[PDB]
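The structure appears right after this line, and notes come after that.
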Amino acid sequence: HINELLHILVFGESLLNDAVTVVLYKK
């Protein structure tokens, strides 16, 4: 799809890369 390419895209742009570490690093 490409309709949310604007929403779901930013909805978690980097906000995900920050939650993927704290859980992988500091766990």
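We label chains A, B, ... in the order they appear in the structure tokens, count residues from 1 in each chain, and number ligands from 1 in the order shown.
Here the residues within chain A that DSSP labels alpha helix (DSSP H) on the basis of the backbone are residues 7, 8, 9 and 10 of chain A.
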Worksheet item: What is the distance, in Å and to one decimal place, between CA of residue 2 in chain A and CA of residue 14 in chain A?
Response: 19.0 Å
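For the pair CA of residue 24 in chain A and CA of residue 11 in chain A, the interatomic distance is 21.0 Å.
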